[PDB]
Structures are given as C-alpha cells and as structure tokens.
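Novice: Okay, handing you the structure first.
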Amino acid sequence: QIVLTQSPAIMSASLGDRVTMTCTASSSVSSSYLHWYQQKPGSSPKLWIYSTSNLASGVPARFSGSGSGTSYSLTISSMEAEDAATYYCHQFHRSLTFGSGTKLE
Amino acid sequence: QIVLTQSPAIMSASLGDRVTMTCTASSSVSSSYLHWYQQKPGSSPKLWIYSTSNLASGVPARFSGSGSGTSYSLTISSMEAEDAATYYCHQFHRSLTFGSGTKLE
Amino acid sequence: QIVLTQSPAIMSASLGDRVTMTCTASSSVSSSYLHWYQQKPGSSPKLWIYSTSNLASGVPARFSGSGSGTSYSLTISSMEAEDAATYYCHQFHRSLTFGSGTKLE
Amino acid sequence: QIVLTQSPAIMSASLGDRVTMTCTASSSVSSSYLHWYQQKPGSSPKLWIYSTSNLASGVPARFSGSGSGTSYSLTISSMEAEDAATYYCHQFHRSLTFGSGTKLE
Amino acid sequence: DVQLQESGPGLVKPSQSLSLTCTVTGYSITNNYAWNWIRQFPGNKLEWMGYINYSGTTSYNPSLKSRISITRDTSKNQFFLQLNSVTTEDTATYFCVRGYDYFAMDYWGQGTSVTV
Amino acid sequence: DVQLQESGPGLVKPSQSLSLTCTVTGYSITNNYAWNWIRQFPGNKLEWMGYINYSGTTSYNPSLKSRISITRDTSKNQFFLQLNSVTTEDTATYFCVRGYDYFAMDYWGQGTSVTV
Amino acid sequence: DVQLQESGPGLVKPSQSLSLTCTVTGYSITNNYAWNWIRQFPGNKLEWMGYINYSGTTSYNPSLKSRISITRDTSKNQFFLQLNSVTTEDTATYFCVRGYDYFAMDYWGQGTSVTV
Amino acid sequence: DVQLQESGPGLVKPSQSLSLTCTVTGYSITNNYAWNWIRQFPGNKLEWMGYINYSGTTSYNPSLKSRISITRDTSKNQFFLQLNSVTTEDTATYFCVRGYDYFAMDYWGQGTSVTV
Amino acid sequence: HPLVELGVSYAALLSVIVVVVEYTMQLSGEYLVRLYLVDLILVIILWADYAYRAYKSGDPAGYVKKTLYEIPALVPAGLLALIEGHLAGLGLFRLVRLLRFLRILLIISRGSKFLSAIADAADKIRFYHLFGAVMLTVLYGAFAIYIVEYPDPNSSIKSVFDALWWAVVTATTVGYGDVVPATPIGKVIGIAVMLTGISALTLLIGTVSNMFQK
Amino acid sequence: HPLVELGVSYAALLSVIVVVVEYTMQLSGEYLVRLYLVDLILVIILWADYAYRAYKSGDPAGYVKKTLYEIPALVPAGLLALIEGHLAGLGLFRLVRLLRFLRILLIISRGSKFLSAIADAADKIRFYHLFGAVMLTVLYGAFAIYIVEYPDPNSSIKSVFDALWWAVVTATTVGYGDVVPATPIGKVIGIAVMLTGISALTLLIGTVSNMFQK
Amino acid sequence: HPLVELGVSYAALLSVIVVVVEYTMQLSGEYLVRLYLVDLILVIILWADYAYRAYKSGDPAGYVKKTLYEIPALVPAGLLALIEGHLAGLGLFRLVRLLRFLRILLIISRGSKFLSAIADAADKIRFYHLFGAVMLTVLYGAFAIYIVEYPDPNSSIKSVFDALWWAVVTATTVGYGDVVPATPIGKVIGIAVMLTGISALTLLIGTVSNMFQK
Amino acid sequence: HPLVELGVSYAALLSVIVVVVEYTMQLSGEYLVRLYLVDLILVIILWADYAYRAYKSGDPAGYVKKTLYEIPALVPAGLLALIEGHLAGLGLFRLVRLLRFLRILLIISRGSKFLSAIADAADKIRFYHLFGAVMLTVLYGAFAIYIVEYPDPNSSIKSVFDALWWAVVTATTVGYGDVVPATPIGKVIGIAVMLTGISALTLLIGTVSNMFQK
Ligand SMILES: [K+]
Ligand SMILES: [K+]
Ligand SMILES: [K+]
Ligand SMILES: [K+]
C-alpha cells in the first residue's frame, strides 16, 4: 500500500560521473522484493536490478544497489549514451506499486 | 350332541303286518336333517329315507316316515324277505350321531 | 342478469319507410357488448349488427345502429321482402341475455 | 507355574547297574500330563516316556516309570553307551514347565 | 368459410339427461373465440346456456349450472352439451355458435328440435 | 355313476397311527357335498368321525378331535383318515361316504375291517 | 526463450468493458511464477492491476478490484484482462509480464496503446 | 512318518523382533494336536513359549506373552514364532514340536541356533 | 467363557422374531383373504359413490332396488361367501351351488366392468391387489402389539387406531415420538413388525413410485 | 364370524386413503401448474439476482426500464397468462392472440437463454421439471391436513408452514416429534400423504442422487 | 486460513467413525459366530416346539430320553464345540475327534432334516444365514453404545435392551424420541452404528422384500 | 383468483431451496478439497497409530525423527500445500517448485504404500473418496443451520456438534426429537439439507451395502 518516491524525478550529469538515484519508500519494505527496472522511452520496460544488489543477465557490472528499511539506491560509476533511460523502482509489501522514475537526461 | 334311541333295539313281526319303528331323540331336532338308513348285515349301509318323508330312488312306495320335534317313525304296511334289515336313524343338530338300530327279525 | 325489452315485440310498416326498433336495457350496458341478430323464422339465427356501430359482412349498408347507456336502436331506411325477420338484441354485463325480439311483419 | 527338580542334576554309574532318576514337583501334578524326554547333547530332544507308565515306540522295554502326587521316577535296569543322555521331565498343571535334567554321565 | 354443424337426439323422458353433439369445420375449437350452446324456446325466445373455449375452461348460465355441464372432443373437433333431469320447460330448439369478439355469435348452426 | 372306493390296512399296534385311504370315481372331492369317515363298531353301531369338503375345510367328532385329523389328494381325487394312538375300542369297520343334502350319505363304500 | 505476446483493441466508449489478450510462448501459464497486467499511463507512470498464476488463483490492485477481474485460456496458453466501465483516466499503455521470483517481471511484452 | 522341519535366522540386534519359521511334512497343522515353540537356553534348560493348534487358537507362556505372539500358514502348512524386543537372555536354541495327547511333544525338529 | 451364557440368552429373543415374521408369511400367502379385502374395498367406494345421493334418494326405497343391476354389485365381495360357510356347515350343499354362481357372476361383472375404467392402464389392479397384502401385514402387526400393549397400564397405545398408527408409522419408516411400546415385549415384536412392514410397505411404494412417473 | 364386522370396519379407513392418494394424482398430472411453478421460481431468482443492486439502482426508475431486455423477463411466468383468463372471460378474444405471442417469446427467451448456463445440457431442467410435481404433491398434502388440523383446538399444527413442515418431514421419511395430527382424521389422511409424498419425494432424491454422482 | 484449524478438528471426529465401522466388518466376517447363532436359534424353536408339552410330558424324564433321536438335536449347536475349547486346552486332543464327529452328524441331521420343511429349497437358509451377520452387527453396535452409555448418569440408556433398542431403531432407520446417547461420545459412535446397521439391515430387508413378493 | 397471491408466495420459499441445493453442488465438485480431506483423515489415523506408543516413545524426541521415513508421512496432506499459498502470495515462486515435488512424492508414497494394505480389494479408496463428498455436504448443511440457529435464543441447536448431529440425523433419514430448527428459517434450509444429505448419504450406504456383501 505504501507509496514510492524516486528522486530526482528528473536529473542530469555527464559521461564519467558516478550517477546516483534514490528510492525512498514512505514505509518500510523488504530487502528482497525491492527491484529496479530501466525503461528507454519508446521501447518496452526491462528489469535491471533485482533483490537490491544482483543485476540482470544483460547488465554491465558497473551498476550497484544499496538499500535497507526505508531507502535504497541505484548508484553507478559512469554514464554512457545508453544509460539515458527512465529508471523505475517498485516494491511489494501489502500489494504492488511503482515509483515516479528517476529520469536520466 | 344329542343321543338317539331306536326302539325296539330288536323286534319282530310277520309278512303282511304294518311294521313300525321309532327314533326318539333325547333332544329336539330338525325335520330336515332327519334320515333313515337300511343295513342288511354283511353288506354295506344304504340310505332309505331322507328328510323324514321322501324315499331313496331304489325304495318301494310302501314306506313312510312320520316325525317332528322329539320323535320320528319309519312305519311300513307289509314286510317281506328283504325288509329283514337293521334300520338306522341319524340326526344332525350340534354334530352328527346315529341310533342303536331298530333291528328287524 | 339484467333484462331486455325489444319494443315493439311485434310491429309493421312497408317498402320505403324508415323502419325502426329499440333495445331498452333495464340497466346500463357497454357500447361494445351490444349486438343485433336477425332471424328468419324456420331458419337459423344470424348476427346482423355487432359492436353497436359496425355491421356484418353479408349486410346491406342500409342499416345503422344507435345506442348508449340504456338504449340502442337498429334503425333502417327502407324495408324489403327479406327484412321481414325477427331481429334480436343481446347484451353482456354480468352474464349473457337476449331480447323479446322486435318482430317485423 | 509350579517348578521342577530333576535330581540328581548330574550323576553317574555304569553298564549293568539299575540307573535311577527322580522328578520332584514342588506341587502336586496329574499322572497323565507327566512325561519324560531324552536328549543326546548336540542332537534334538526326543520324547521317551509318556503318561507316567507307557513308553514311546522307539524305546527299549528296559525302561519303567513310577510316580504319583509329588514324585515320579525314570528307573531302568542297565545302562549302555546310548543311555548317556540328559533326561528331562516336564509337567502341565497350571501351565507348562520343564526340569533341570537328570544328566547321565 | 367456417361452419358449425349441429346434430342430436330430439326426444327423451323426464329426469333423463340430454346429450347434444355439434361438429365444427374449417376451424378449430382451440384457436380463439368461445363456443356456445344457446337454445331457442317455443316462444322464439333465446336463452344462452354456456360455453367452453379455445383453451378449455367453461362457464354456464347462473340458473342452469346446478343441472348442467359441457365438454369437447379436442381430437375430432366437437363440443358436448349435457343437461341433467330434463323437465318440460326445456322443450325448445338448440344452437351452437362461434362466440366472436366481445361475444357475438358470428356463425350459427342450422338447428335441432328437442321435445320433452 | 358316483362311487366311493375305500381301502386301507386293517391291523396295527396300540399308540400307532391309523392311515386310511378312500378313492372316489365318477365325481370330484371339490364340487359339492362333504366327505365322511363313519365307522361301524363290532357292536354294529355307527360312529361318525368327521369330514372334509368340496372346498377343503373340515370338522370332526367332538370326542375324537383330540386324537385325529383328515386330509385329501386334491389331484388324485382321494381323502385321508388319520387317527393317532389307536387303542382297542377303535376295533371296528370303516366307511367313506358322500354327504348329500342336509347331510345324508347317499353313497357308501363297501367296507374295511380294522383290527386292534 | 520465454516471451509474452500482448495484443488487443485500443479504443472504446466509456462504461464499456475493456478486453485484453496476451499470449505466451516458450513456457506455460501453469508451471511457476505469476502473470501480470501492469499498465503505463500517459504520464509514463506504471500501475500494476493484478495477476493470475501458475495454479489459477488471482489478486488485483485494491483500488481497481471493484471494477475489474482476470482469467486465462488454460488450453491455448493465454490470460485475459477485463476492466468494467472504462473512463478517461484509464487512457494509457498496457503490458503483460512474467512475475519472476520475489515479484520482478523478468520478461515484458512489447506494448499496446489503449485510447479512451 | 511325520516330521517337523525348523529353520530361521540366528542373529539380531536388541529391540528387534525375532521371526522363526518351521515347516511340517506328512501331516497337517489343522488335523489334531497342538504346535509348540519350546526353546532350549545355553544352560540346556527348556522353556516352552506357546502354541497354536489344529483349529487356530493359541496360548503362550504367561511371562513372555507381554512380548510375543504366534501364527501359521494354513495353506503352505507352517507356523510362525514372533518375539518382540529380543534381549540377551533370549540367547538360546529353538524347537518346534507336535504336542501329542495330554501334551507330550512326540516329534522334535532338528534345531536352530539363535544368538543375541 | 461367561459371555456365552449372556450372549446366548440374547439369541432367544432374536429367535422369537424369526417366527413372528415367519408366521406373517403364512398369513399373506392365502390367495383368498388377500383377494377378498380388495373386492370389498372397491365396493365400499360404491357404498358412498352411488348410495350417497342427497336425502331424497336415501328415502325412496323403490329407487335403489329400482336399479336391480347395481344391488348385486353394492352387496359385498366375500360376505356372500362368508355365508356359504354357515351353509355348507348346515349341509345345505344344494344351495351352495347357486351361491357359487353368484360369486362367479359378480367377479365377471365387477372385474371386467371395473376394467372399463381401467382403459387408462392394465396395471389398475396389480396396484390394489398388492396394496392388499401390504396393508394386511401392517394390520397383523398392529394387532400383534395391540394384544401385548392394550392391557398394559401406562402404555401410550390404546385403541386399535393408536396401535395401527404405530404400525404404519414404523412400517413407513416414519416413526414419531407418540407411538411406542411400553412393555419391552411390544418393543420386541416391534423389531419383527418393522422388519416386515418396512420390506413390504417398500415393495408397495416401489410400484407407487414407478407408477408415479408416467 | 364376528371379526368380519370389526375387520371390515377397518377396510373403510383403509379405503379413504385409496382416494386421497388417487386424487393426489389428478393434481400432479397437469402439464400446466407443473410447468408454471418452474418458470416462476427461475425468475424469483432473478427477482433478487438483478433487482438486488444497492440502494442506488433501487432508486433509478430510469435504470430497470433502461434494461428493456430484462423487464419482460423479470415479470412473471404465467401471471401473464393468469391475466389472459380475466380477458377471455371478457370476450377480449382479440387481445388474447397478442398476449399468446408474449408467452411464446418469453419461453424461447428464458428457455434457450437459461440453457446457456453451460456444463449441463438437458440434464438441468429434467431436474426442476420433476422437482415441481414432487413439491406440488407435498403442498396438496400439507393442505389436506391444513384443512383438518388448523381449526382443531390443541393441535400442534397451525400455520401453513407448520402443516407444510409436517408434510416435507413425513414425506422425506424424516418425521420428528413436533408435527403430528391431533384429530385422528389428520392422522388418517396422513397415511395417504406419506404413502404419496414418500414415493414421489423419493423419485426426486433418486435423480438428485444420480446427478449427485458428479 | 484460520478455518483449517477448526475444519481439521472436525476431520478427527469424522475419522473415528471410519474405524468403528471398519471394525464392524472384522466382527461379521467370521464364517463361525455367524453360522453358530443360526444353528442355535433354529433349536431354541425346538426348545419350545417339542419340549413344550403340558405338565405331563414335562414330568416323565423317561419320555424325552425316550426320544433318543431328538435329544441330540435339542442340545445346543456350538455349545458342544464350545466345550471342545475347554478340552483342546486340556490336551484331551484324543477326545476332540469324537466330538468333531458329533457336530458333523448334527449338521447333516439338522441341515438336511430341516430342509425337509418343503415349499422353499435353498431359498430358506440364505435368509437366516444373512439375518445373522445383520443382527450380529446391530449387537456389536448396541454394545458399542452400551459401554459408553451405561455408566453415564442421566442417560436414557441403561439395560442392554434399551441400548439394543436404540440400535435396531437407528438401524431400521426408525429412531424415536426415547433412545438417544446423552454423552456426545455415544452420539459419535452412533454415527458409525447407523452408518453400518442401516446399510446392512437394508441388505436384509432387501431379500425380505423380494422374498415377500411371493 | 386470490389464491395466486397466496400460492405464489409459497413459490418464493420453494425457490430459495433450489439455490441452497444448487450451491451445494458448486461446493462438492471441487477435485481439490474433496481429495484433500481424504488424505488428511488417513493420516489422522496414523497420528494415533504410530504416534501413540506408551509414555516412553512420547518422550524420546530422537525416536520419531529417528524414523525419517515416517516423518514426511505423519505430516499433513494438503496443510503442506496450504502453506504454498502464503508462499506464492509472497512471490517465493522459486520455493514453490520444491514444495510441489514434496506433495508429488507424498502422494506416490501414501497412495501406493497404503494400497499395500489394499491387497484385499481395489475399491479400498473409492470408498473413502466417496465418503468424503458425502460428509463434506453434511458439514456444509450443518453449517447452514449453524449460522441460522446458533444466535437464536431458545434454539435446541448450539454447538457445531448439535448442529452437526441434526445434519447426520436428518441426512441418515433418522431424525429424533432433540435436534430441530426453532426459527422457521432453519426449518426452511433444512428442507434443502435433507433433500441433499439424504440423496448423497444414500449413494454412500449404497456402496456400503454392496461392499457389505462379499
Ligand atoms: K423419526
Ligand atoms: K426413515
Ligand atoms: K425416521
Ligand atoms: K422422532
């Protein structure tokens, strides 16, 4: 039932900088049911980080997730021309929900 | 149940005399169920007079029966060499019974 | 239940005159259930005017019916040698009934 | 239930002497249910004297049993090289039981 | 083109029941309308006795009911008039008629004379 | 043509039952009338024992009942006399007879001599 | 080889029900995991509607429940989305996804544009 | 010419049940007499355990009852000894015998050594 | 071994029933009484069917005899043959024949005549015919208890009705909480009653059922 | 011979039942009433099926009429034909035809439409169809006692329910200790009731059972 | 999910019955006891059949022994074999043979002799033979409750009769308002009793019915 | 024409039952719950079969686990799958597979293993399997009244037992004078209960009977 806050709703940076994002759940969660999906506008959604730390098979090791209790992150190390995507973070406590999407520019 | 008395138990006479016999029932009877049977010693019994007056098909009109209430008779008119037979009189009130037999000599 | 009065019970007139009859119901009726039958003595009855204002198939337009509430008529315009018939008027309020018959001569 | 005492538990003698044994039941018995079995160590037991006074089919007449009430014997007359066997005496009053065995040497 | 065809006895002794039979042709006793038994006394008067209908149900003249009843031959296409204990008054003519809309016999049978 | 044909033993030891058999010819044991078993003692006296009838039902002498009974061979056309515990008194002659109207044996069997 | 293949209409009048159809290939709707119907609003937001599962049982979004339901074609291997009384807000994009472990759609359908 | 034929294991661990099998030839376990299971301890002593009989019914040694039972193979002609929780004391030799008149095993089986 | 004394005592009770039921057979296997109650019930129906006209047909003696075709019918069934008994007993064997023809004529009349209203089905007789024994037995039953219950003091069973009720009730598998033997003896024979009444009353409903669907 | 008086008196009681049950037939052999309660019960289900929305659909008159496809369905069954009676009686024979088409259309609609509730073809109609007569009879029965029990003073039977209960109960072979005729007369007709209710109620459970084997 | 606790608790009760009924089988599948009550009931009939002459045959000891052909018949059935037990137990195995011949002779005598009561061949034995198990079970049942009802304080069930009554009654589908377990435990096992008694008591009436069709 | 108002009112009551019974179908046609109570009752038997050794096997924890071959057996039936629900709900879909194999192994073990004691007959399952639904329904029934009877003031029905009793009793055609709905509503649904319980409970005894003769 809890709501999600993917700040910044929108944000920018440049090639090389350690990009960061944050999923702040109004209420507690569960280190397990916390996942991250990357969406390239126009295309279809795609899971990117599941269970906080591990990444999808088609994901570059450059990514890393950090969270617990009320906050979790999608931290990186360097951007590209690809990373320009709307990253979403959904949880599953009472029911299912999603976030605003820490859009990357 | 009543008993019968065929007097005389034994008796005689001669050819020509109007032979007579009497059936005296200890108790009342019924003009109907009163019958007379003639038996020639050695042979088999044979009905002779039924319902007081009428006679068997093989009986000579010389016979006649007279009775009512407590007494009935087998009166004749003349004997023969045949008539020498033991005449019986049976009744049927409660059950069936017979008489001593007004034996003729 | 109610009774009917077809006056005149008997009446005359002759070729040309506008013959008239009248069905006077002791009680009210119903413009619908009011009908007129014509009977030629010897033959069988024959419906002639149904539902107060409309006539049978085999009936000459010369006829006309007028009634409402307690009285109805079978008015004509001219007689013939045929019209010489006993016209009846029956109604249906509580049950079924008929009239004395406005006999024509 | 009752117990048995086959004395001597062990005993000797030699060819010629009238060997003797004794079954002393702590309690009374029954001349019938008293029997004597002979066992040659190594082999299998073998009934030898049944019903107090009568012997088995394969038994030499040299044997004889004497008993009643509380005591019974297996007396002989002469030993052999065969008789060298552990003779047992069992009874049946309440239940079934056996004896220590009047071992022969 | 329809047509009722009445037929029947025409003479009986008092207390004896009257049995009338009227056939129907070119139609059916089950379609629509009702079926009547309206007699015509010697006084040329008309007295409606009763009716059975397309469905079956029936109703009689409130006076005669205590002494009558009616039926029909669903298969052969006919109806039956039954009057119990026929006295003298019953002496009259009989008719079977197709009770058209709002009740109005639109087809009459020729006729039958019954004497008592 | 009616004719009873009695037959049977004619000698038994006391306490032993007596079994009599009488056939019938020219008629039937079921039509009408009754069927009797009237014996004749050595004293030429006559004692009626009992009867079965055209239908089947039966009745005996009020004294002997306690020691007798009767039956019939519906098929072969015969009836059966059965006396239990035959003492000396029973020594006599036996007869089977057609019990005609108002009870009157109108046909007698020849006879059978029974000794005890 | 798992692959969801979503398909459907994409235009309807209010109060009218929406009927979506998504096929599945290289797998089965009965093995394991759950099957979702998560739509993407014009605001690129994502709202999960509900899911049926390998067994059959289902659960929806606590808000939409009052106006939705889902099913499946056990034989042809497909599931069905049903929304009753589609207002304007429902205008968005639709997606069917394989709900992998701990709930994480690990396979998405291309997409379908629904207009209201 | 009769003859009992005993056979069986001869080694087990404590608390484990002992299952003995003795066949019979030249006779039947249902005719007459009783069938015993009398063991011989290491002390050459003899202890009768129990018996089944020609009919079937059985009785055991009042002490062992709480821990034993017996049966038979009515068809194959054999009986079965069953002891539950075999401790050390049970270490001995076993024998099956034909219980002749007044109880007197008139036919002994060769033997079997069981160690615990 | 003690139970054999207690257990065999039960056998005795369980044994009587074997007869009470066995006897019930020897009372329903009579081609007579069975076939007589049937022809007496069909007429009782006429005893109120045609002899039930208002108090104006129940006053004209002339009109009942007037119908000399019905009089012989509205008479009995076997209560005509019942008389035959007090006749044959009085050796009036002659008169017996005439009365035999009367029953013969009556069975052809009623039998065939009634079968005129049987135009519906050929089984319109197999029914009652069966309904008979079924009922007879129940009677016999009610009577059984009647004897062993009527005299009893505080025994809910009194009239032949009350004992008859209990019969049907326990034979129709219904049973309520009103009719029940007080003396264990009644309860005893009861075990027989129902053991019978049921089985039979069932063969009844069996056809009743089948006939019901047509 | 005295027993014939006592024994025949019983025959009379045993005789009435023959009619009470015979009559029960002439009340369930009507292809009508039977086929009318069925089409009236299926709709009562709709009377709470579609006309049972919260107090917001039960206020919008516009929306009930809105569904002009259901209104005709949620009307009666035969209570449309019932009217036809007060019509034909008033010679409105013309209007009769139109109303005849309405019942024709209604039977095709409901009949076929309802048969669309899959998983059972021609298996689910034989059911209710039968459930009808079965129930009708029980009714007739309850009514039978109703008449002869309602007026009685201390008679555990009062309402049509209480008399109806006794009916089912004694027809379902159940019977308790609450419902039971006080006047022997009720007990009488009862013998008929159960003699019927049972046999029928059984033919019911017969199919109920078989069908239940799914 | 809480219901699984409450719902499974029911399973337990529903489970015991599975045994109480299963056990009822292991008590009627004995070719013995079954075939022993039958030959003991047939004789109890003789115990009052031939040993019931007035007080003048009941005094002559000489005449009972006089009929040395009946004495062996009017003795027991198995109460002769019952003895065989106290014999074989006492190893009198020799004497066993002789007593075995006695039962052999007795079964040929009675068996064949009794079968001489004409009009029913092989039809009358299948009856009682079956009547046996049927009754046995009911007994076992009555006994079941007997144990769990006799001790109870205010428990309408007392004697073996009262507990036996309840058995038949609930097994004959009758049931009244007198016999009923007070302790829910009795009510429990009861569910088993009837689950059994009925099914069996029915197979009984099944043949009773068919046979009754004569 | 007034009766149609009174008579149709009855139709309504007669109508509800049509559903209460129809619904009873949609509760016994589940290849699941049916096949789950069966495998849970067979184990409850083991819950007292092997886990009922004296207070010396009920103290050694080591010996219960010692038999690692039974532990999996003496666990549940579906109370293992019940858990699967609280799992799939928590998307632990991975763990679901493993637990699916456990039920698969358990059904092969118990199924075949138990059928080792089935050497007697192949129907030793068709029985209980059927005994299930039969019982389920009765439950559903008892529950039906339970709801509409428990709250009622002076209502002889209280516990789930008392309401359960009434169920069996009225479903076994037995019925006494103790269990009976006070509120006419209970009496109502009851008509449905028995209309069901009976038919089913009969199909039960049907096989019980047949099986009884072999
Ligand atoms: K009851
Ligand atoms: K019942
Ligand atoms: K009952
Ligand atoms: K009751």
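Quick note on naming: the chains in the structure tokens go A, B, ... in the order shown, residues restart at 1 in each chain, and ligands are numbered from 1 in order of appearance.
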Can you tell me which residues come within 6 Å of ligand 2 when counting only C-alpha atoms and all ligand atoms, ideally as a PyMOL selection string?

Specialist: (chain I and resi 173-174) or (chain J and resi 173-174) or (chain K and resi 173-174) or (chain L and resi 173-174)

Novice: Please give me, as JSON, numbers by chain, the residues lying within 10 Å of ligand 4 when counting only C-alpha atoms and all ligand atoms.

Specialist: {"I": [174, 175, 176, 177, 178, 179], "J": [174, 175, 176, 177, 178, 179], "K": [174, 175, 176, 177, 178, 179], "L": [174, 175, 176, 177, 178, 179]}

Novice: Okay, now the selection with N, CA, C and O atoms, as a compact mmCIF listing (two decimals), in the first residue's frame?

Specialist:
# COMPACT_ATOMS: atom_id res chain seq x y z
N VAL I 174 -41.36 -44.01 9.05
CA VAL I 174 -41.54 -42.69 9.67
C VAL I 174 -41.28 -42.60 11.17
O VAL I 174 -40.40 -41.86 11.58
N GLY I 175 -42.05 -43.32 11.98
CA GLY I 175 -41.86 -43.27 13.42
C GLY I 175 -41.83 -41.88 14.03
O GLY I 175 -41.07 -41.04 13.59
N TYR I 176 -42.66 -41.60 15.02
CA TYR I 176 -42.63 -40.29 15.65
C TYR I 176 -42.18 -40.46 17.10
O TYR I 176 -41.29 -41.26 17.38
N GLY I 177 -42.78 -39.70 18.01
CA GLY I 177 -42.42 -39.80 19.41
C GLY I 177 -43.67 -39.97 20.25
O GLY I 177 -43.68 -39.66 21.44
N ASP I 178 -44.72 -40.47 19.62
CA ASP I 178 -46.00 -40.68 20.29
C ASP I 178 -46.30 -42.16 20.49
O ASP I 178 -46.60 -42.60 21.59
N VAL I 179 -46.21 -42.93 19.40
CA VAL I 179 -46.47 -44.36 19.45
C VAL I 179 -45.20 -45.16 19.70
O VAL I 179 -44.26 -45.13 18.91
N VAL J 174 -38.43 -38.33 7.19
CA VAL J 174 -37.81 -37.85 8.43
C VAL J 174 -38.67 -37.89 9.69
O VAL J 174 -38.32 -38.57 10.64
N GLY J 175 -39.78 -37.16 9.70
CA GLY J 175 -40.65 -37.15 10.87
C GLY J 175 -39.96 -36.86 12.19
O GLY J 175 -38.99 -37.51 12.53
N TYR J 176 -40.42 -35.87 12.94
CA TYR J 176 -39.81 -35.59 14.23
C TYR J 176 -40.83 -35.87 15.33
O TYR J 176 -41.58 -36.84 15.24
N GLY J 177 -40.85 -35.03 16.36
CA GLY J 177 -41.80 -35.22 17.44
C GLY J 177 -42.53 -33.92 17.72
O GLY J 177 -43.05 -33.71 18.81
N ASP J 178 -42.58 -33.06 16.71
CA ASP J 178 -43.23 -31.76 16.82
C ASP J 178 -44.51 -31.71 16.00
O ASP J 178 -45.57 -31.34 16.51
N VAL J 179 -44.41 -32.06 14.72
CA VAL J 179 -45.56 -32.05 13.83
C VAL J 179 -46.27 -33.40 13.80
O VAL J 179 -45.70 -34.41 13.41
N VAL K 174 -35.69 -46.22 11.79
CA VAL K 174 -36.85 -45.73 12.54
C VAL K 174 -36.60 -44.59 13.52
O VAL K 174 -37.17 -43.52 13.38
N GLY K 175 -35.76 -44.82 14.54
CA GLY K 175 -35.48 -43.79 15.52
C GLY K 175 -36.70 -43.13 16.14
O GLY K 175 -37.57 -42.65 15.43
N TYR K 176 -36.80 -43.10 17.46
CA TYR K 176 -37.94 -42.44 18.09
C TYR K 176 -37.42 -41.24 18.88
O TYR K 176 -36.52 -40.54 18.42
N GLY K 177 -38.00 -41.00 20.05
CA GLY K 177 -37.57 -39.89 20.87
C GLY K 177 -37.29 -40.36 22.28
O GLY K 177 -37.33 -39.57 23.23
N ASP K 178 -37.01 -41.65 22.41
CA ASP K 178 -36.74 -42.26 23.71
C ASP K 178 -35.27 -42.65 23.85
O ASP K 178 -34.62 -42.28 24.83
N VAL K 179 -34.76 -43.39 22.88
CA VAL K 179 -33.38 -43.83 22.89
C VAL K 179 -32.46 -42.85 22.17
O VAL K 179 -32.60 -42.61 20.97
N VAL L 174 -32.71 -40.63 9.75
CA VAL L 174 -33.07 -40.97 11.12
C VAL L 174 -33.94 -39.97 11.88
O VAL L 174 -35.04 -40.31 12.28
N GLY L 175 -33.45 -38.75 12.08
CA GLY L 175 -34.22 -37.74 12.79
C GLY L 175 -34.78 -38.19 14.14
O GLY L 175 -35.45 -39.20 14.22
N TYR L 176 -34.51 -37.45 15.21
CA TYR L 176 -35.06 -37.83 16.50
C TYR L 176 -36.03 -36.73 16.95
O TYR L 176 -36.77 -36.19 16.13
N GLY L 177 -36.03 -36.42 18.24
CA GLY L 177 -36.90 -35.38 18.75
C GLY L 177 -36.11 -34.39 19.58
O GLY L 177 -36.66 -33.70 20.43
N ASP L 178 -34.81 -34.33 19.31
CA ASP L 178 -33.91 -33.44 20.03
C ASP L 178 -33.43 -32.29 19.16
O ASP L 178 -33.53 -31.12 19.53
N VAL L 179 -32.90 -32.63 17.98
CA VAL L 179 -32.40 -31.63 17.05
C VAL L 179 -33.47 -31.19 16.06
O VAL L 179 -33.98 -31.99 15.28

Novice: Could you work out which residues of chain D fall inside 12 Å of chain K? Count only C-alpha atoms, and format the result as a ChimeraX atom specification.

Specialist: /D:30,32-33,92-96

Novice: From a backbone DSSP assignment, name each residue in chain E labelled strand (DSSP E), as a ChimeraX atom specification.

Specialist: /E:3-7,18-25,34-40,46-53,58-60,68-72,78-83,92-94,96-100,104-108,112-114

Novice: Quick one: residues within 10 Å of residue 204 in chain K, only C-alpha atoms counted, chain neighbours fewer than 3 positions away excluded, as a list in words?

Specialist: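 Using only C-alpha atoms, the neighbours found are residues 195 and 199 of chain I; 127, 128, 130, 131, 132, 133, 134, 135, 198, 199, 200, 201, 207, 208 and 209 of chain K; 209 of chain L.
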
Novice: Taking only C-alpha atoms into account and nothing else, which residues of chain A lie no more than 9 Å away from chain G? Please answer as a PyMOL selection string.

Specialist: chain A and resi 1+32-37+41+43-48+50-51+56+88+90-92+95-101

Novice: Would you output that residue set with C-alpha atoms, as a PDB file, in the first residue's frame?

Specialist:
ATOM      1  CA  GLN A   1       0.000   0.000   0.000  1.00  0.00           C
ATOM      2  CA  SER A  32      14.109  -8.941  -1.231  1.00  0.00           C
ATOM      3  CA  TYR A  33      11.018  -7.573  -3.001  1.00  0.00           C
ATOM      4  CA  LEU A  34      12.915  -4.411  -3.967  1.00  0.00           C
ATOM      5  CA  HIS A  35      13.716  -4.248  -7.682  1.00  0.00           C
ATOM      6  CA  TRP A  36      14.847  -1.744 -10.319  1.00  0.00           C
ATOM      7  CA  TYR A  37      13.676  -1.521 -13.932  1.00  0.00           C
ATOM      8  CA  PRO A  41      11.355   5.829 -23.812  1.00  0.00           C
ATOM      9  CA  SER A  43      10.662   0.832 -26.139  1.00  0.00           C
ATOM     10  CA  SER A  44       9.403  -1.601 -23.508  1.00  0.00           C
ATOM     11  CA  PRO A  45      10.328  -1.760 -19.790  1.00  0.00           C
ATOM     12  CA  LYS A  46      13.194  -4.019 -18.723  1.00  0.00           C
ATOM     13  CA  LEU A  47      14.225  -5.328 -15.309  1.00  0.00           C
ATOM     14  CA  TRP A  48      17.715  -4.188 -14.377  1.00  0.00           C
ATOM     15  CA  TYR A  50      16.559  -7.374  -8.532  1.00  0.00           C
ATOM     16  CA  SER A  51      16.737  -8.053  -4.792  1.00  0.00           C
ATOM     17  CA  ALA A  56      20.037  -8.886 -14.760  1.00  0.00           C
ATOM     18  CA  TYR A  88      11.927   2.704 -12.004  1.00  0.00           C
ATOM     19  CA  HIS A  90       8.883  -0.976  -7.427  1.00  0.00           C
ATOM     20  CA  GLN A  91       8.235  -2.736  -4.119  1.00  0.00           C
ATOM     21  CA  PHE A  92       5.917  -5.361  -2.674  1.00  0.00           C
ATOM     22  CA  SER A  95       0.427  -5.008  -2.594  1.00  0.00           C
ATOM     23  CA  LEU A  96       2.361  -3.898  -5.680  1.00  0.00           C
ATOM     24  CA  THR A  97       3.437  -0.348  -6.542  1.00  0.00           C
ATOM     25  CA  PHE A  98       5.966   1.589  -8.625  1.00  0.00           C
ATOM     26  CA  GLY A  99       7.866   4.877  -8.495  1.00  0.00           C
ATOM     27  CA  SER A 100       7.883   8.241 -10.251  1.00  0.00           C
ATOM     28  CA  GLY A 101      11.031   7.190 -12.082  1.00  0.00           C
TER      29      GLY A 101
END

Novice: Find the distance between CA of residue 2 in chain E and CA of residue 100 in chain E and write it in Å to one decimal.

Specialist: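 Going from CA of residue 2 in chain E over to CA of residue 100 in chain E, I get 12.3 Å.
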
Novice: Using only C-alpha atoms and all ligand atoms, find the one residue out of J:24, J:172, J:9, J:183 that sits nearest to ligand 3.

Specialist: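 Residue with the minimum atom-to-atom distance to ligand 3: J:172.
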